[PDB]
Amino acid sequence: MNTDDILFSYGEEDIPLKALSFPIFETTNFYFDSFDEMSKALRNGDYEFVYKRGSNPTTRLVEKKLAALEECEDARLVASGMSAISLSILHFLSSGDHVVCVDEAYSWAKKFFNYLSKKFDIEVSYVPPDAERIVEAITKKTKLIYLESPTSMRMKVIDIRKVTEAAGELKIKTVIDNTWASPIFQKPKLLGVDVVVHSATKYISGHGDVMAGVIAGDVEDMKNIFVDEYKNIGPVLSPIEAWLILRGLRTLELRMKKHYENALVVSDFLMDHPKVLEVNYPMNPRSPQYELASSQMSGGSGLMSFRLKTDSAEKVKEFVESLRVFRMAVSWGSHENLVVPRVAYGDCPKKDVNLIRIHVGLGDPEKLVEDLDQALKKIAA
Amino acid sequence: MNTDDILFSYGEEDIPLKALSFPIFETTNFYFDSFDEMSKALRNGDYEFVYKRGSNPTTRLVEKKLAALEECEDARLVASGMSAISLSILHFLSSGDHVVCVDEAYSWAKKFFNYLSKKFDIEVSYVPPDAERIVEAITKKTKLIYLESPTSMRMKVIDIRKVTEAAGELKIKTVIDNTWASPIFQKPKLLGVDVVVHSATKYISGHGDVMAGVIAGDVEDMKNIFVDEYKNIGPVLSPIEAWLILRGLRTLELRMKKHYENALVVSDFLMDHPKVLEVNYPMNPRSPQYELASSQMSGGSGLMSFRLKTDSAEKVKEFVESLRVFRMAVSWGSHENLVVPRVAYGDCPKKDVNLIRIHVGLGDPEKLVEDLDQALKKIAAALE
Amino acid sequence: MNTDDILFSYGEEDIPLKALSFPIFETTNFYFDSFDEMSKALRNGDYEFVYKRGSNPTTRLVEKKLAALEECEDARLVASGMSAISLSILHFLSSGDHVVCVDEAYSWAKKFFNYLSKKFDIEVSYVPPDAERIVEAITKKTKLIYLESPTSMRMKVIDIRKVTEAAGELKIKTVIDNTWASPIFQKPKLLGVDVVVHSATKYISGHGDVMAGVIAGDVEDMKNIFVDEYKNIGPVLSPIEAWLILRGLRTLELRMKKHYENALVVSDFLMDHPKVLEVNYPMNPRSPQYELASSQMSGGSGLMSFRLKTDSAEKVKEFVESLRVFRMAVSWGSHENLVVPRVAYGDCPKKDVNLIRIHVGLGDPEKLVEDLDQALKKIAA
Amino acid sequence: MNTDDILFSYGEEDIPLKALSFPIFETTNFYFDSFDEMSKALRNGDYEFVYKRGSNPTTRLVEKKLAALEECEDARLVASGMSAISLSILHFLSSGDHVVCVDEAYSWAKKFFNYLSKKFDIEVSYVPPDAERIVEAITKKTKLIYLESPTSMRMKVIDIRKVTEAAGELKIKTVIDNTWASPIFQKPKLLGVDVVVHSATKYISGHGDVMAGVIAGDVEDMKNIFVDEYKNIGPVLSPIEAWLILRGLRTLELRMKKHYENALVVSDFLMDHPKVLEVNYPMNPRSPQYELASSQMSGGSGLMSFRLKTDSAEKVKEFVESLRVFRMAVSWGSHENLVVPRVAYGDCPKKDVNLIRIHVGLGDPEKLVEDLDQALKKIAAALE
C-alpha cells in the first residue's frame, strides 16, 4: 500500500456518526444488549468492544495504520517504548533461554535484559553491532536476538538480512527497535525480522508530548502478546494519546523528509569542520556505512552524533553549554533541536567521553550550522 | 491524616503561575540550562524533572495525594491496575521463590501469577480467603503473600492483621489489592501490609473513563519499584489522565459515602427477598462477615454480589436479561449501575453458576430495588 | 423527571459502539454519503451532523441533560457565561428598545448593557433587586427585563413570579442568570422566566477548569438563538470541555448538597460573630430574606458575603491577607474555598468597601470557621 | 520576521518547570498571595494571570506566535472564525455607520452584517471583489471596509493595496479574512489592512478538529477588542485547544508548501481538461489573476474551485456522487480531500449552479487527478 493511503485514508471509510476526525473513545467499558454477546466478549481473545485493557476503537484505528506502515499483519500501542520492548522480550523468553543482544541497544533495553538475567534463569550475550559477531554468539539455547539499527548513541548499522537469515534457519526469533528510522525510512519486517518495536514517543507522535510504544509483527505473535503480556501487565495507552498519535501521523512523511534534508546539511557541515573528529550519520553518502545503510533504508532521520577532539569532560561541557539554539534535553523526534553529550550519563563508556548526540528538527538547518560553528570556535584547537 | 486536607489542599500550596487547577504537563522532556544539572538528572534515581518515563509534575501531585490517603510514604501511578499488580509482584519475586495467592484474587492477577509460574521458577499456592489457610501455605521459600479483601466476585473478607503478623515474623512481604473499599474505607498499610495497590480505573477516578493503577508503600520499596520495574517496563500514565484522576479525587469522599448509603439499601432488599439465596456485602450490619469487616473498614462501596436459588445458567440469563436499569458491562466504580453474572465468564467455577455481581451507583437506590424486584418476579420459584 | 435520571441516564440509552462514556467528537466536520443528504444539511437549521459551528454529538448530550435539569425545552452550550448572557440579550433587543436591568447583576452583564447602549439605540434602566422597582421601570418600549437572583456580591433575592406575571401580561421577555443556585436549587423557568442562563464555569462544571455558558428556554427562542446569534457570533464550546462538563455533572447533586450543608455552618458562625456586621446568605433560616428565598429555592449554594465593621480598605486588606485556608481568587463553584473583598475591584461602590465574598467548598466547614475566626480576631474591635 | 523562528522558538525560552511542551493551563482562575496584586488584577486591562475570560499562559504563547507570523503587534485567539469576524466588526461599527463588504465574503460574515443591519442602524453595501467597486461604494459614513482575498467559493483576488490606500486617506478601517492563504502565503498587514482575521479551524490548526478564530492587529485596536468585545461577549478558546493549535502550528510551513505543490498539479489538470469550463486557483501561473495574486501572495493553498460546462444541478450531482476519493463535507485546511458543490447550498446564486469547490490535501495529487478524471468521464459532453 502507499504511505499516503495509510496515513490519510486506511481504516477511515466508516467512522461513527460520519465524523471525519475519529472520535476519542475515552471509556473503560462498553455495555451489552444481550447475555450471549457479553459471554462471547468474556470468552474470546479480542472482542470489539468490552474493556480498555483490551481493544479500543480509537487506539485500534491507529494500530491498523501503524501495522500497515511497517508491513506487519498486526500492531499494538502501549504506554511507552519500554513497554513495547519489555513485553516483546518477555513473549520470546522463558527460564533457561539465551539471548544475543547488541551492546549498543538503547540503555533501558539492556537494563531490562540485565534485570531478567539477575532475577530469572536468562543468559544474555552482549555483542558489537556486527552481524558476524551476532551470529557467532548464537548457542543451542538462544531463543532471541535483539537488534537496533542504527544503534543508540553511535548510530551504527547492522546487516539485518545476514542476521535474520541465520535466525530463520535456526527458528530463533528476532526483535528490532526501528525508532531511529521510523517506518518511513526502514521496514525491517521486509528484512526478515519477526517483531518490530518503536518508541512512538519519538518520530511517530512527533511532537514531544505523547509517550507511547508500538509492537508490530505477524498475527500469531501479536495475538499471544495481546492476550498474555498486554492483558497481564496492562501497559495501556490512553485513547486520548492514541488520537494525538493519529493527529501526529498525518505529517509523518512530511516531517521525516524534512529531517532527512536538514540532517544531510548538518552532517555535511560537521564532517568538514576541523574541530570534529568524526560524524555518525549513516545516511550521509560520505559515511563509511552508507552502502550498507542505503541497502536497508530509504533515508535517514534527524538524529546523529559526532565526536570532539578531546577526552576532557570539561571541554565537552564548555562546548554544549555554548550552544544557544540546540537545547540540552533527552528525547528526540520532534521539531525540537536537542543536544545531549553522552558523558552526562552515569554509565557513559570512557571511549564516549567525546561523543555528542544532536537531534536536527524541522527548521532552517543553517541556523543549526551557525550554532554549531560558533560553539566549535569557542573551544581550543 | 485528614481526608479533606488531602483531597483539597495537600501539595497545592505552590502551583506554576499561581494556577488553581494544576497545569497538565503533557511533555516528554524538560530542558536544562546547565550541563551539571543535566548530569545530575541522568545519574540520580528521580530528578525533578527530566523525562516522562520518570517523574511528571502533574502525576507527582496526584501520587503524593494518593500516598497520603493510604497513609503510605510514597506512591506511583501507572497505566492500569494490572500494571500496579504485576510490577509489585515482580518487585518481590525472583527465581526459586514461592508465593501464597488468595484464590479469589482478581482473575488477571491469578493469570499473571500463572504466567510467571509457567515461564520462570516461581511456585504459587492458591488458597481460600481465610487467614489460617493463607498462613498454613507459607513455606521456607515464600517471599510474597498476595491478598485482596473483600475478594473479587464473592466479596469475602480476610483477617488481614492475622496474615501480616505471621508475614512480618518471617520477613515475608505482603501486597494487597484495596480497589473494592478505596482508601476512604480501608487503609491496609495500617493493618501491616507492605504494598497497597489499586485499580484507579474503578473508584479513585470514579467516572468510567481513565484507566490507571496505583502502587503505594514505604520509601525503600517504592524507590526500587520506580527505578527498576517502572523505568524498565514503562507503564507510564498520561499526565492528561493523571489530571483527570485529580479532578475525580475531589469528589471521592462524597461518592464513597453515597455508594455506601445506596449499597445498604440494595443489600437489605436482597437479603430479605425470598428468591435470593444469599448476599455478599460485608459492610451490611446483618452480614456474617460484619464483625471482621467493620474491624478493618469504616464503610463499604457499591460493589456486591448475590446468588439466585438455582443451578441453571439459563435461569441466570433470564434474570439478567430482565433487568432494565442495571446495564450489562464489566468494570465498576462510577455512577454506572452495572451487572455481570459470573457464568458469563468462560472460567466461571461450577459453584458460581448462580452468582451475580452488581455495582450500585450514585442515584436513587429505590430505582435499583424496583429493577431487581421486577426481575426476580419473572423467574420461577426454585424446586423444593 | 427525577434529577438522578437526568444526571445518570437521560440521553445515554444508545451511545456509539456501545461505549458507556460518551465519546469525544473532537471534529470540525462530518462526511456525507449522498448529495441529497448534504443539501439537507446545508439548508436545514440544525442537521445532525454537519459542522462544529452547529450541533455536536458530545455537546448535544450535555445540552439535553441541562435543558431537562432546568425544565426547559432546549438548551445550548457556549464558550462562557458571558457568551450565554450576551447572546440572550442580543436575541431579545433591537434599535429603539428599552431594558430594565437589576443593578446588582454580574458586572460584565452590566458592562455589556452599557456597551450596547453606547454603540446602539438601546436604553437601559438599572434598578435595585426589588420586584416593585423593576415593574415600575417598565415603559412602553421595554422589551427585556434582566434578572439575577440571588444577585452578584450582595446575594439579594427578587420575587421572580411578581416580575414574570407583569412581564408575561405585557409580552416583555425575561432572562435570568441562575448561576448562584444551580439547577439543583432553583428552576426559574417554573417561576415564569423566558430564558435561563448559567456560567457553567462555576457549579455545573464544578471543578475550576472549564469555562462555559448555558442558554436554556423554549423551542422557539432557542431555535432562533441557535440559527442567528450562535451561528453568526460562533461562541462554540470545545467538545472536550463539553465532555468534561458531563463528567462534572455526575456529582452535581452530591456537590450542591454538600455546599449547602457547609454554607449553613459557615453562615451561622458569621451571623453570630461579634466582628461581623451582617451576612448575606438568603437560604440560612435566620436570614431576613429566607421566606422569599425558600419560596423559590430548595436550597442554597456555597457562595455568600458578609460585612466587616469598617469603612477602611486597609482593615479589609488586613483581614483577607490573614486568611490561611480561603485563597484570594475570583471565580467560584468548585471544591475551592475562595475569598475576594469587593474593594479589590476598581468599580466597587463606596458602600461595599466592607463587603467580603467567600465561597464555601466541599470539605470540613469547621476548618473554614476556624480560619475566619482567627482572622477576625486579628482586626481591632 | 523569520518563519521558522516563530514556529519553533519564539516565546518558548522560559517555560514553567523547564518543560519543552508548554503545559496546558486548563484553569478558570489563579490565586493571589497579596491583596495589592489582586487589586491590580481586578483594575488593570490585562493582568497575567487572573481569569480565563482574560489572558491564559497557554493561549497567550500561541497568540504571540500568531501575531508574529502576521507581522502584527498583537493577536487574540477566540472560539471560532466567526467570533474573530463578528467581534472585529463590532469593534469598528456603531449606530449610524456604513460598511462596504465584498459580496463573495464568507456566507456567515454576510449573514452577520445583515443581522446587524436588521437589528441596528448599520448600513451595508455589498460589492464585487474589485478594488474599484469597493472604493466607489465608500460614503461619508463608511467606517469599515470588509475584505477577503482570495474570496469564498470563487477564489477571486482583490487589489488590497488599492483599497487600503483609499481607506487610509479617509480614516476608514479595514478588516481582511486571510484564512485561504494562511500567514505563510499572505500577510495583509504589510498590504495596509488594519485587522487580520482567520478561521484557525482551517489551515492554522490544520487537522480538522479544533475550532478557533484569530484576530490580529495593532496594539491600540487589539487592546480595545480585548477589554471590550472579548471580555463582554466571552468567545474564549479552551487552553486545551490552544495547545492543539500550538501542536498543529509546528508543521504549518511544511503543510502549506505541500498543499501548494499538490494544488498546482490538480489545478493544471483541471485547466487542461475539455469538460472543465474554468478553474479558480489564483496562484497557478496560468491563472488570469496570477499577476495580481503573486504581487500579494508567496504561494497558494489547497482550496480551489472550478465549473462544469453545464447549467444542470443534476449533472453536478452526477459528477460529485461519482467521486471516490474526495469526500463530501464542508470545512477545509487539513489532510482531508473534500468536495462541496455550491448548488448544495440553499442560497447558491443561480450563476453558481455549475461551481464545485475542492480542497486538495497532503497526499499524492495524482490520486486526486485520477478521481476527478474518472468522474469527468461519466458525465455527458455539453450540448453545442
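We call the chains A, B, C and D, going by the order they appear; numbering starts again at 1 in every chain.
In this text, contacts are C-beta pairs under 8 Å (C-beta built on N, C-alpha and C of every residue); 3 or more make two chains touch, one makes a residue touch a chain.
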With chain centres taken as the means of their Cα atoms, state the distance from subunit A to subunit D in Å. 38
Calculate how many whole Å lie between the centre of subunit A and the centre of subunit C, each centre taken as the average of the chain's C-alpha atoms. 50
Which subunit C residues touch at least two other chains? 20-21, 26-33, 208-209, 327, 329, 336
Using the definition of touching given at the top, classify the network of chains in this structure as line, ring, star, complete or other. complete
Please list each pair of chains that are touching. A-B, A-C, A-D, B-C, B-D, C-D
Interface residues, subunit A side, partner subunit D - complex: 2, 4-5, 7-8, 20-21, 207-209, 244, 247-248, 250-251, 254-255, 258, 325, 327, 329, 334-337, 361-364, 367
In the complex, subunit B touches subunit A at residues 26-36, 38-39, 42-43, 50-53, 79-83, 86-87, 90, 93-95, 108, 111-112, 115, 118-121, 201, 208-211, 213, 228, 231-238, 240-241, 317, 320-321, 327-331, 336, 338, 340-341, 344-346
Contacting residues of subunit D [partner subunit B, same complex]: 15-21, 23-33, 49, 57, 243
